[PDB]
Amino acid sequence: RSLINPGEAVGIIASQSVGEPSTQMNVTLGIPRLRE
Amino acid sequence: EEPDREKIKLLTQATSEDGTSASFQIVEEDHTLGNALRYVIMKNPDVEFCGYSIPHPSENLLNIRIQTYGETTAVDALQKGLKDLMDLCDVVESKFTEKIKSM
Amino acid sequence: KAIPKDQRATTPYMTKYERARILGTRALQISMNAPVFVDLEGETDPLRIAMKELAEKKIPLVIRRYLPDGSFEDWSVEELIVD
Amino acid sequence: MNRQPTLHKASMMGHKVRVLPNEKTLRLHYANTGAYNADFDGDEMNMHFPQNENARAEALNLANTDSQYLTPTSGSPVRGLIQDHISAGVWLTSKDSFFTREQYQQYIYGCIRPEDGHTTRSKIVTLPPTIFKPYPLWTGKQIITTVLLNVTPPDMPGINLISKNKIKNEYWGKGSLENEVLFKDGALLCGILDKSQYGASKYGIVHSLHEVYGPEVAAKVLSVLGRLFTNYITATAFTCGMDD
Amino acid sequence: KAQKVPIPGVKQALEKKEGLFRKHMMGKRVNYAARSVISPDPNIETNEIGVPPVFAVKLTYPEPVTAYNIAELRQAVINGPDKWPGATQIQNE
Amino acid sequence: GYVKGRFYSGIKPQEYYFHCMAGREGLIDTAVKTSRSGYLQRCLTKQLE
Amino acid sequence: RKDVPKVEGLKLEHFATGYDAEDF
Amino acid sequence: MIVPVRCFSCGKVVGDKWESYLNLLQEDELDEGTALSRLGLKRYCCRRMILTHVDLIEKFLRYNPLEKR
Amino acid sequence: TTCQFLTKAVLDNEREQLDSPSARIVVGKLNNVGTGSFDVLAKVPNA
Amino acid sequence: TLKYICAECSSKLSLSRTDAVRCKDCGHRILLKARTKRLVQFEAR
Amino acid sequence: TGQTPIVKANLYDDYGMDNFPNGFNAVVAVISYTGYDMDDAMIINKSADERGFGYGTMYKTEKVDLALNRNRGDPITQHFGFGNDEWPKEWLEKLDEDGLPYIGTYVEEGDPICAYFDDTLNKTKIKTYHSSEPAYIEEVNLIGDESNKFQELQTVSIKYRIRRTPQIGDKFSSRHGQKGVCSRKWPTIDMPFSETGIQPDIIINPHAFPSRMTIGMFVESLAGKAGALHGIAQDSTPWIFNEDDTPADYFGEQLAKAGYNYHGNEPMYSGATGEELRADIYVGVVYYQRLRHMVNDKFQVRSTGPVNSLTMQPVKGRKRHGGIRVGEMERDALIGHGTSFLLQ
Amino acid sequence: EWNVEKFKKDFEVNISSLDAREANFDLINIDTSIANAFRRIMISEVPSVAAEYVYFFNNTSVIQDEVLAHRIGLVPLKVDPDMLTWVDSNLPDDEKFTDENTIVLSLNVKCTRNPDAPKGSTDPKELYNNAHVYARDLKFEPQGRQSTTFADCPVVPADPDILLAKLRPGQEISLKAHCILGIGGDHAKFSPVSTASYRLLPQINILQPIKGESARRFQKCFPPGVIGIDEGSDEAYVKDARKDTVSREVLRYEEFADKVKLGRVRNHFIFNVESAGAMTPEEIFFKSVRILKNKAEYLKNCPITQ
RNA sequence: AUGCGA
Ligand SMILES: [Zn+2]
C-alpha cells in the first residue's frame with residue numbers, strides 16, 4: 001500500500017529533487033561538479 | 001424592534017438534541033462581551049463546559065459553545081448568565097453611584 | 001488491444017490519479033444532468049455529489065489503463081479497490 | 001496558489017478558497033511558507049482559478065496541501081508551525097505551566113470549533129485535573145492530550161510515540177529529564193514540543209499523526225495547534241530584551 | 001545571413017532564446033489569474049487562502065445551472081455582479 | 001581579521017571593515033548562486049519530463 | 001577615550017497613576 | 001506637516017500645546033523636559049508627539065503662489 | 001537550435017508521434033502523464 | 001468669471017478663448033487654474 | 001506626518017536631514033503576541049492610523065499635449081470646451097465650460113480629465129482618466145511656452161493628488177533594514193496595554209532579531225525611550241561608545257533615573273483577557289519609515305482582458321489588465337503534480 | 001457560597017481622585033474579565049459625536065484638503081453626545097442630516113496681510129491676518145430646536161487653542177462640517193477618552209526585614225514614598241504600594257532581591273480614566289456600566305434563533 | 001530594454 005501509483009511524473013520529481021536542493025550549494029565540488 | 005432574529009444563532013451542527021450543548025453565534029461582538037459571559041457562565045455550577053471563540057477578527061463574529069450537565073439547557077443556562085450580568089451591572093452601578101455620593 | 005478480463009493483470013487499486021479523474025469527470029457529467037443514482041441529500045457541488053457516487057460506486061465508468069504497447073485493461077469502478 | 005520560485009512542484013499547490021471580508025491582500029497560513037519559501041517581507045503570489053471540473057477535482061485531490069505533507073526529495077514532511085508558534089509550544093509545554101478549569105476549557109474552545117468539523121464527537125471531552133487537592137489544576141501537556149483526544153476519532157486508540165526534543169535535559173535541572181518525548185495512547189506524558197516535534201522535519205508528533213491517521217488528520221492537527229498557540233500567545237505573549 | 005540591428009526574420013522568431021515557443025507556447029499569460037502581496041493569518045485553515053473581496057467579486061466560475069443549483073445561482077444573480085457569492089454574467093445554452 | 005568585539009558591546013571600526021567584508025561577500029554569493037541553479041534545473045528537467 | 005557624559009537633569013520622568021512629583 | 005491633533009499612541013489632544021511650548025522655550029527659556037512637564041505631556045506617547053515635531057508648514061508656506069512677491 | 005532540429009526533421013520527412021509532453025502541449029493535447037496517462041469510458045444502458 | 005493665475009506674476013486674470021495665453025501683468029506663458037467656491041464632499045478620514 | 005528621529009547621528013544635523021524628515025518616532029512593542037506578527041509581518045494600531053499615523057500622499061503628473069500632430073497650424077481644431085451640445089451635460093459635474101476640471105475635483109477612473117472640440121468631428125470629445133483608484137485634481141497648469149503663438153492653449157499639465165493610507169501589505173521599515181508589511185490594523189482595544197496606560201503603535205516579533213542580529217534596534221529602542229522621557233536627542237554615531245561604556249548602561253541608568261525598567265521592559269496586560277503578560281515587554285520609541293513600495297498597490301486580477309493579435313493570449317501588465325505568465329517552470333511543476341487536466 | 005449578591009458583599013470601590021477631566025478609581029474584589037470589559041467598552045463602545053462629513057467650498061491653502069478634513073474630524077467637541085441619535089444609512093444623505101441627528105459647524109476664514117509690520121520678521125500674526133486657524137474658528141450653526149437646546153449647551157470646540165491650519169494672504173477656507181454620533185470602536189475619533197487604562201495593585205512581599213542603611217538603601221530602590229521606614233532599626237516598611245511603578249529595579253541587587261517578592265493583587269484594580277473633555281470620566285464610566293447592562297438586556301431580549 | 005519586489 002506504499003507503492004508508487006502508475007503514471008507518476010517521477011522523471012520531473014527526480015529533476016526537482018536534484019535541482020531545488022542544489023540551490024543550497026582538492027576536487028571539483030558543488031554546482032560545477034554537478035554540471036560537469 | 002423585532003425580536004432580534006440574527007443576534008444569536010443556534011448551530012444545529014453544534015447543538016445536542018439530548019440536552020445541553022449548543023454553539024451560538026453572535027454578530028458584532030468580541031471578547032468584550034465574550035470573556036465576561038464565559039466568566040459568569042463558568043460561575044454556573046451546572047455548566048460542565050462553556051467557552052467562546054472568535055472565528056476571526058476580520059469576521060466580526062463571536063461563537064460561544066455551552067455544554068451543561070443533564071440538569072439544564074444551554075439556552076436556560078445562558079439566560080441565567082444574562083440575568084447574572086444585568087444584576088451584576090446593577091451592583092456595579094449602584095456601588096459606583098454610592099461612592100460618588102460618598103465624596 | 002483487448003486484454004481479456006480473465007487475463008487482466010493490473011493493480012486492483014484505484015490510483016490517486018485514477019480516483020481524481022473519475023470523480024472529476026463523473027461530477028462534470030452530473031453537472032450536465034447525468035442521472036443521479038443517489039440522494040442529493042442537500043448537496044449542490046457536483047464534485048461532492050460525485051464524491052458520494054464514488055462512495056457508493058454507483059458510477060458507471062470504466063478506466064482504460066494503457067500499456068505503452070497500446071493494449072489496455074478496462075476496469076469498472078465497482079471493482080478496482082477504491083482504498 | 002503558486003509562488004515565485006517554481007523550483008519545485010511543492011511551490012504550486014491547491015488551496016480551498018476563503019473570501020475574507022475587508023481584505024486587500026492575499027492571506028496565507030504560516031505553515032505553508034516554508035514550502036513556497038515565502039516570507040511576508042514583500043513576497044507576491046499568483047492565484048489561479050481553474051475553470052474545469054477535471055481541474056477542480058485535481059485541485060481537491062492532487063494539488064491539495066495535504067497531498068504535499070512530505071517532500072518527494074526526502075520525505076521529511078515540510079509543513080509545520082514556525083517562530084512564535086514554536087516558542088509558544090516551548091512555554092506552554094513546560095511542566096511548570098498550570099491552567100484553571102476555566103482557563104483550560106477556554107483554550108479548548110479557543111482551539112476547537114465542532115461547528116467547523118473540528119471533531120469526531122459533536123460534543124466535548126475533557127480530562128480530570130492534574131491536582132484534585134488544593135486547586136483543581138490542568139497542565140499544558142494535559143491540554144495537548146485533550147486536543148489530541150478531541151481531534152482524533154474516538155473509535156481509535158491514541159497515538160503511541162517515543163520521540164526526543166531539541167532540548168538537552170541539563171537545562172531543566174540536575175535530575176530533570178525533559179528531552180525524552182513520551183506519547184502514550186495519544187497522551188503526552190513527558191517532554192515538550194518544538195521544531196523537532198511540530199515543525200516540518202518528519203517524525204516528532206505531527207509526522208506520526210500524519211502516518212497513523214493520514215494527511216487530513218495531520219492538517220487538522222496543524223490548524224488546531226496554530227489556534228492553540230496563537231491564543232496561548234495571547235495569554236502569555238512572548239518578548240525578548242536586553243536582559244536576555 | 002545578410003549584409004546593424006536589422007529587423008528580425010522568422011528564424012530569429014520563436015526559437016533562439018525566450019521567443020514564442022518558450023515565451024508564448026511552453027509558457028503563456030493566462031486569464032482567471034491574480035497577483036498579490038501575501039499576508040499571514042492563523043485563523044484561516046492551513047489549507048485555505050483568504051482572498052480579499054476585490055477578488056471575490058472579480059473571479060467567476062462557469063456554472064452549469066441545474067435543478068440542484070438553481071437556488072444558489074438564482075441567488076447569485078440576485079446579488080448581481082456587485083455583491084458577495086454573486087455572478088457577473090450569464091451565458092445561455 | 002579576528003574580531004574580539006561583540007554586538008552587545010559593539011565592534012571596533014577596524015572590525016566593522018571586516019564584518020562588512022564578510023557581509024558583502026555573502027551578498028554576492030547569495031545573488032549569484034540562484035542564477036547558477038536555473039540552468040541546472042531546466043537543462044535536465046527538459047529530459048525527464 | 002573619554003566616556004560620553006551622563007545628563008545633569010537626570011531625574012524621575014514617571015509616576016504612578018494617582019501621584020506626582022510632590023513626592024520627589 | 002502640522003503639529004498632529006492627537007498623540008497617535010495615547011489619544012491625548014496635543015495640538016493646543018505647540019505654540020505655548022515653542023513660546024515656553026522662547027519666552028520661558030525653559031528646557032524641553034520641564035516645558036513638557038508644565039504642559040502635562042506626562043506620557044512618552046504625548047512626550048514624543050511634540051518633542052519630535054517638525055512644523056515644516058513654515059517652509060511650505062513661503063511658496064504661496066496667491067500673493068505677489 | 002529549434003530550427004536545426006527542424007531541419008533534421010524535415011530532411012528526414014520526420015513524423016511526430018506526438019508522445020512528448022512538451023510537444024503535446026504545443027499541439028493542444030491532453031498530456032499523456034498522470035491523469036492523462038489513461039482513458040475514461042462510461043457504462044451506459046443498452047435498453 | 002473663470003480665473004487663471006500667472007505662474008510668474010501672481011496676477012489674477014480671466015482668460016478667454018479669444019486671447020493669448022500670457023500674463024498681461026508679467027507676460028508669463030504658464031498659468032495655474034484658480035480654485036473657486038465649489039462644493040466637494042469629504043469623509044472626515 | 002513627519003518627525004525628527006529622537007536617536008540620530010550628529011551628522012543628521014550637520015547634513016541637515018532634518019530638513020526633509022522621512023519617518024517618525026513610533027511606540028514599538030517587541031512582542032510576538034497576536035499571531036499575525038511572524039517573520040515579516042508587523043501590526044500597527046488601528047486607532048493610531050485613524051489618528052493619522054504614517055499618512056502619506058502620492059502625486060501623479062500628467063501632460064496633455066495636442067501639438068504632437070501639429071504640422072502647419074492649418075487643420076488644428078481642438079479647443080478645450082464644447083460645440084455640439086450633444087455631449088453629456090453631466091461632464092460639467094467635473095469640467096468647467098473651458099474643458100478643464102475644477103481644481104479640487106474628485107475624479108475616478110473613467111471620468112473625463114478634460115474636454116475639447118475638434119472641428120473635424122464636430123464633437124465635444126474628452127480624454128478619459130485611467131487609473132485603479134479615484135484622485136483629486138491638484139493643479140491645472142497652462143503651457144503656451146516655447147511656442148511661437150499657440151494661443152489656444154493646447155498643452156496643459158494636470159497634477160493629481162492620490163492619497164495613500166497606511167494599509168495591510170504596505171511595507172514599513174525601521175532604521176535597521178528590517179522591513180516588514182503591516183499584516184493587520186489591530187483595534188486599539190485589542191492591543192496590549194502597559195501599566196503606563198498606553199498601547200504601542202507598532203509591534204515587531206522578537207524572533208526576527210536572532211537571525212538578523214539587529215541589536216542596533218534594541219539600543220535604538222532603549223535610547224529613544226530614554227530620550228523621550230528625559231526629553232533630549234541621543235547620539236548614535238558609531239563608536240561614540242566603547243566596550244567599557246556600553247549604551248545599555250548609559251541609557252539604562254538614565255532610564256532608571258527616569259523611573260523605568262533598567263532593562264527597558266514594562267509589565268503589560270493582554271487587551272483581550274486582561275491578565276498580566278508573562279514578562280515585562282520591551283517597549284521603546286523607534287524611527288519607522290514607510291517605504292514607497294506599497295506593493296499592496298501592486299495587486300492585480302484579470303478574469304478577462306485584451307489579447308495580442310499575434311497570439312490571442314493575455315496581454316501584459318497590471319495597468320494594462322495584462323495576465324501573469326505561467327512560465328516553463330510552472331508548466332513543468334504542474335506536470336510534476338500530475339495535474340494534467342489542470343495543465344491543459 | 002457564591003451568588004451575585006456574595007459578589008456585592010465582596011466588591012468594593014475606592015475613588016482616589018475625581019477631577020472633572022480625570023478619574024483615578026479602584027475596583028477591589030472583582031474579576032479581570034469585568035475590568036477589561038469596562039476598559040474595552042469605555043474605549044471603543046462609548047458613543048461620541050464627531051465631525052463626519054466635511055463640505056469644502058474653497059481651500060486654496062498649502063494644506064492638503066483631505067488631510068485638513070481628517071484634522072477637522074479629530075477635533076473633539078464639547079457636546080453632550082446624547083443630544084443626537086444615530087444616523088442611518090438606509091436613506092439618502094439629504095435625509096441623513098437633520099437637526100435630530102447632525103450638528104453643523106461652519107468655517108469661513110480669509111487670510112489677509114496685516115497693515116504693515118515694522119522691523120523684519122514682524123510675526124506672521126503681525127505681518128499677516130488670521131495666519132493661525134484655530135478650533136475657536138468653528139462657528140456653531142444650530143437649527144431651530146437645538147438652536148434653543150444649546151442656549152445653555154452651545155457647541156464649542158473642546159480646545160479652541162488647537163491650531164487647525166496656517167494660511168497666507170489670499171488663501172481661504174470655507175467648509176461646513178457635519179458632526180455625527182459614532183463609537184470609539186468605529187474610529188478613534190469617536191473615542192471620548194484619550195487614555196483609559198488599569199493597573200493591578202502591586203504587592204510587595206517583604207521576605208525578611210531589612211534595617212539601618214540597608215533599609216533606607218532598599219527604600220531608595222523604590223519609588224519615593226512606596227517604602228516607608230519608621231525607625232529602620234527593625235524594618236523597612238511600605239508606606240504605600242500604590243505609589244509603585246513595578247520598575248523591578250530592586251532585582252538588580254541581591255541585598256534585597258533574595259528577601260522580597262514583587263507581585264500584584266489580582267482582585268484590586270487601579271483604574272485611570274482621562275477624559276477628552278466631552279464628558280467627565282466618571283460619567284463615561286457610568287455609560288460603560290449602563291452600556292454593558294444594556295447589552296445584557298439586549299441578549300435577554302433577543303429571541304433564541306435557530 | 002532599465003530599474004525594481006527579491
Ligand atoms: Zn501621547
# chains A, B, ... in the order shown; residues from 1 in each chain; ligands from 1
>>> residues_around(residues="range 24-32 of chain A", least_positions_apart="6", cutoff="12 Å", atoms="only C-alpha atoms (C1' of nucleotides)", output="ChimeraX atom specification")
/A:18 /F:29-30,32-41
>>> residues_around(residues="range 163-175 of chain D", least_positions_apart="5", cutoff="6 Å", atoms="only C-alpha atoms (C1' of nucleotides)", output="ChimeraX atom specification")
/D:180-181,204
>>> write_last_selection(atoms="C-alpha atoms", output="compact mmCIF listing (two decimals), in the first residue's frame")
# COMPACT_ATOMS: atom_id res chain seq x y z
CA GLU D 180 12.51 12.29 26.36
CA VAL D 181 9.26 12.83 24.48
CA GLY D 204 8.11 14.05 16.01
>>> residues_near_ligand(ligand="ligand 1", cutoff="7 Å", atoms="only C-alpha atoms (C1' of nucleotides) and all ligand atoms", output="CSV table (one decimal) with N, CA, C and O atoms, in the first residue's frame")
chain,number,residue,atom,x,y,z
H,7,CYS,N,-2.0,62.5,20.0
H,7,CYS,CA,-0.8,61.6,20.1
H,7,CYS,C,-1.3,60.3,19.5
H,7,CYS,O,-2.2,59.6,20.1
H,8,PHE,N,-0.7,59.8,18.5
H,8,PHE,CA,-1.1,58.5,17.8
H,8,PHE,C,-1.3,57.4,18.9
H,8,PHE,O,-2.3,56.7,18.9
H,9,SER,N,-0.3,57.3,19.8
H,9,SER,CA,-0.3,56.2,20.7
H,9,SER,C,-1.3,56.3,21.8
H,9,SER,O,-2.0,55.4,22.1
H,10,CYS,N,-1.3,57.5,22.4
H,10,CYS,CA,-2.2,57.7,23.6
H,10,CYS,C,-3.6,58.1,23.2
H,10,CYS,O,-4.6,57.3,23.3
H,11,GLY,N,-3.7,59.3,22.7
H,11,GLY,CA,-5.0,59.8,22.3
H,11,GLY,C,-5.2,61.2,22.8
H,11,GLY,O,-6.3,61.8,22.6
H,12,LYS,N,-4.3,61.7,23.6
H,12,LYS,CA,-4.4,63.0,24.2
H,12,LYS,C,-4.4,64.1,23.2
H,12,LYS,O,-3.5,64.0,22.3
H,41,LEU,N,2.4,66.7,29.3
H,41,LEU,CA,2.6,65.6,28.4
H,41,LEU,C,3.3,64.4,29.1
H,41,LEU,O,4.2,63.7,28.6
H,43,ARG,N,3.2,61.5,29.4
H,43,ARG,CA,3.4,60.2,28.8
H,43,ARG,C,4.3,60.3,27.6
H,43,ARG,O,4.2,61.3,26.8
H,44,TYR,N,5.2,59.3,27.5
H,44,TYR,CA,6.2,59.4,26.4
H,44,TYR,C,5.5,59.4,25.0
H,44,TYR,O,6.1,59.8,24.0
H,45,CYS,N,4.2,59.0,25.0
H,45,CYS,CA,3.5,58.9,23.7
H,45,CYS,C,3.1,60.4,23.4
H,45,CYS,O,3.3,60.9,22.3
H,46,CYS,N,2.7,61.1,24.5
H,46,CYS,CA,2.4,62.5,24.4
H,46,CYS,C,3.7,63.3,24.5
H,46,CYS,O,3.8,64.4,23.9
H,47,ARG,N,4.7,62.8,25.2
H,47,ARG,CA,6.1,63.5,25.1
H,47,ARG,C,6.6,63.5,23.7
H,47,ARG,O,6.9,64.6,23.2
H,48,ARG,N,6.7,62.3,23.1
H,48,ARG,CA,7.3,62.2,21.8
H,48,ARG,C,6.5,63.0,20.7
H,48,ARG,O,7.1,63.5,19.8
H,49,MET,N,5.2,63.0,20.8
H,49,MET,CA,4.4,63.7,19.8
H,49,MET,C,5.0,65.1,19.6
H,49,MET,O,5.4,65.4,18.5
>>> residues_around(residues="range 14-21 of chain F", least_positions_apart="2", cutoff="12 Å", atoms="only C-alpha atoms (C1' of nucleotides)", output="NGL selection string")
(:F and (1-7 or 10-12 or 23-28)) or (:K and (238-239))
>>> write_last_selection(atoms="N, CA and C atoms", output="tab-separated table (two decimals), in the first residue's frame")
chain	number	residue	atom	x	y	z
F	1	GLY	N	42.06	40.00	10.98
F	1	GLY	CA	40.62	39.99	10.85
F	1	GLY	C	39.88	39.34	11.99
F	2	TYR	N	40.55	38.90	13.04
F	2	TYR	CA	39.84	38.29	14.15
F	2	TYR	C	39.21	39.37	15.01
F	3	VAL	N	37.89	39.40	15.04
F	3	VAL	CA	37.16	40.43	15.77
F	3	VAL	C	36.79	39.91	17.15
F	4	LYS	N	37.34	40.55	18.18
F	4	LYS	CA	37.02	40.20	19.55
F	4	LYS	C	35.75	40.87	20.05
F	5	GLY	N	35.38	42.00	19.46
F	5	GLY	CA	34.16	42.68	19.85
F	5	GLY	C	32.90	41.89	19.52
F	6	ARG	N	31.84	42.20	20.25
F	6	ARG	CA	30.55	41.55	20.07
F	6	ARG	C	29.45	42.59	19.90
F	7	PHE	N	28.37	42.15	19.25
F	7	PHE	CA	27.21	43.02	19.07
F	7	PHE	C	26.67	43.61	20.35
F	10	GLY	N	29.57	46.06	20.80
F	10	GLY	CA	29.96	46.79	19.62
F	10	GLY	C	31.23	46.23	19.00
F	11	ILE	N	31.58	46.77	17.84
F	11	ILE	CA	32.77	46.34	17.13
F	11	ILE	C	33.65	47.54	16.83
F	12	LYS	N	34.95	47.34	16.98
F	12	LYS	CA	35.89	48.40	16.68
F	12	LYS	C	35.81	48.72	15.19
F	23	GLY	N	30.03	40.40	5.11
F	23	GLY	CA	28.68	40.66	4.69
F	23	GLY	C	28.55	40.92	3.20
F	24	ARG	N	29.51	41.62	2.62
F	24	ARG	CA	29.39	41.82	1.18
F	24	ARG	C	29.58	40.50	0.45
F	25	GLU	N	30.64	39.77	0.77
F	25	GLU	CA	30.88	38.55	0.02
F	25	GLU	C	29.73	37.58	0.16
F	26	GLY	N	29.06	37.61	1.31
F	26	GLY	CA	27.81	36.91	1.43
F	26	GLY	C	26.76	37.39	0.46
F	27	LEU	N	26.56	38.70	0.37
F	27	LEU	CA	25.53	39.17	-0.55
F	27	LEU	C	25.86	38.88	-2.01
F	28	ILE	N	27.14	38.83	-2.36
F	28	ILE	CA	27.48	38.48	-3.73
F	28	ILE	C	27.19	37.02	-4.00
K	238	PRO	N	28.39	55.68	15.33
K	238	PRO	CA	29.22	54.50	15.58
K	238	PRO	C	30.49	54.74	16.37
K	239	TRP	N	30.66	53.97	17.44
K	239	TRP	CA	31.82	54.02	18.31
K	239	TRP	C	31.91	55.29	19.13
>>> residues_around(residues="residue 20 in chain I", least_positions_apart="6", cutoff="10 Å", atoms="only C-alpha atoms (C1' of nucleotides)", output="PyMOL selection string")
(chain F and resi 49) or (chain I and resi 26+31-33)
>>> residues_around(residues="residue 155 in chain L", least_positions_apart="2", cutoff="7 Å", atoms="only C-alpha atoms (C1' of nucleotides)", output="PDB file with N, CA, C and O atoms, in the first residue's frame")
ATOM      1  N   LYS L  78     -17.028  69.767  22.634  1.00  0.00           N
ATOM      2  CA  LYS L  78     -17.662  69.705  23.952  1.00  0.00           C
ATOM      3  C   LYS L  78     -19.170  69.639  23.742  1.00  0.00           C
ATOM      4  O   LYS L  78     -19.904  70.620  23.882  1.00  0.00           O
ATOM      5  N   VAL L  79     -19.637  68.441  23.418  1.00  0.00           N
ATOM      6  CA  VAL L  79     -21.029  68.199  23.072  1.00  0.00           C
ATOM      7  C   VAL L  79     -21.574  67.039  23.884  1.00  0.00           C
ATOM      8  O   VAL L  79     -20.961  65.969  23.922  1.00  0.00           O
ATOM      9  N   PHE L 140     -20.654  77.637  15.410  1.00  0.00           N
ATOM     10  CA  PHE L 140     -21.725  76.659  15.527  1.00  0.00           C
ATOM     11  C   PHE L 140     -22.987  77.132  14.830  1.00  0.00           C
ATOM     12  O   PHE L 140     -23.423  78.270  15.016  1.00  0.00           O
ATOM     13  N   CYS L 153     -26.119  74.829  26.374  1.00  0.00           N
ATOM     14  CA  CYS L 153     -25.002  73.983  25.963  1.00  0.00           C
ATOM     15  C   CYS L 153     -24.705  74.276  24.504  1.00  0.00           C
ATOM     16  O   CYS L 153     -24.945  73.449  23.619  1.00  0.00           O
ATOM     17  N   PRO L 157     -15.657  73.985  20.349  1.00  0.00           N
ATOM     18  CA  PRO L 157     -14.561  73.020  20.283  1.00  0.00           C
ATOM     19  C   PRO L 157     -14.055  72.822  21.696  1.00  0.00           C
ATOM     20  O   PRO L 157     -13.857  73.785  22.440  1.00  0.00           O
TER      21      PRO L 157
END
>>> decode(residues="range 30-44 of chain I", atoms="N, CA, C and O atoms", output="short mmCIF file (atom, residue, chain, number, x, y, z; two decimals), in the first residue's frame")
data_model
loop_
_atom_site.label_atom_id
_atom_site.label_comp_id
_atom_site.auth_asym_id
_atom_site.auth_seq_id
_atom_site.Cartn_x
_atom_site.Cartn_y
_atom_site.Cartn_z
N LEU I 30 -4.37 16.71 -24.47
CA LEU I 30 -4.30 16.21 -23.11
C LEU I 30 -2.95 15.56 -22.88
O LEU I 30 -2.61 14.58 -23.54
N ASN I 31 -2.21 16.06 -21.90
CA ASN I 31 -0.95 15.44 -21.52
C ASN I 31 -1.08 13.97 -21.17
O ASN I 31 -2.01 13.56 -20.47
N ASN I 32 -0.15 13.19 -21.68
CA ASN I 32 -0.19 11.75 -21.52
C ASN I 32 0.24 11.30 -20.13
O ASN I 32 0.09 10.12 -19.81
N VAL I 33 0.77 12.19 -19.32
CA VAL I 33 1.23 11.81 -17.99
C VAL I 33 0.09 11.80 -16.98
O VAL I 33 -0.92 12.49 -17.13
N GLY I 34 0.26 10.97 -15.97
CA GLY I 34 -0.58 11.01 -14.79
C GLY I 34 -2.04 10.77 -15.08
O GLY I 34 -2.43 9.70 -15.54
N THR I 35 -2.86 11.80 -14.85
CA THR I 35 -4.28 11.66 -15.10
C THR I 35 -4.58 11.57 -16.58
O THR I 35 -5.68 11.14 -16.96
N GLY I 36 -3.65 11.99 -17.43
CA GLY I 36 -3.78 11.81 -18.85
C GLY I 36 -3.07 10.57 -19.32
O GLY I 36 -3.02 10.31 -20.52
N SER I 37 -2.51 9.80 -18.40
CA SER I 37 -1.92 8.51 -18.69
C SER I 37 -2.95 7.45 -19.05
O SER I 37 -2.55 6.33 -19.38
N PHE I 38 -4.24 7.74 -18.99
CA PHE I 38 -5.23 6.70 -19.19
C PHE I 38 -6.50 7.30 -19.77
O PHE I 38 -6.62 8.52 -19.92
N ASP I 39 -7.45 6.43 -20.09
CA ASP I 39 -8.74 6.83 -20.61
C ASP I 39 -9.87 6.49 -19.64
O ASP I 39 -9.77 5.56 -18.84
N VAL I 40 -10.95 7.25 -19.75
CA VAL I 40 -12.18 7.02 -19.01
C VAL I 40 -13.33 6.78 -19.97
O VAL I 40 -13.52 7.55 -20.92
N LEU I 41 -14.08 5.71 -19.74
CA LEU I 41 -15.27 5.40 -20.52
C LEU I 41 -16.46 5.34 -19.58
O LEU I 41 -16.32 5.37 -18.35
N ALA I 42 -17.64 5.23 -20.16
CA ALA I 42 -18.85 5.12 -19.37
C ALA I 42 -19.65 3.89 -19.75
O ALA I 42 -19.76 3.55 -20.93
N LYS I 43 -20.21 3.24 -18.74
CA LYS I 43 -21.15 2.15 -18.94
C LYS I 43 -22.51 2.78 -19.11
O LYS I 43 -22.97 3.53 -18.25
N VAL I 44 -23.17 2.48 -20.22
CA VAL I 44 -24.46 3.10 -20.50
C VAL I 44 -25.49 2.02 -20.76
O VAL I 44 -25.18 1.01 -21.40
#
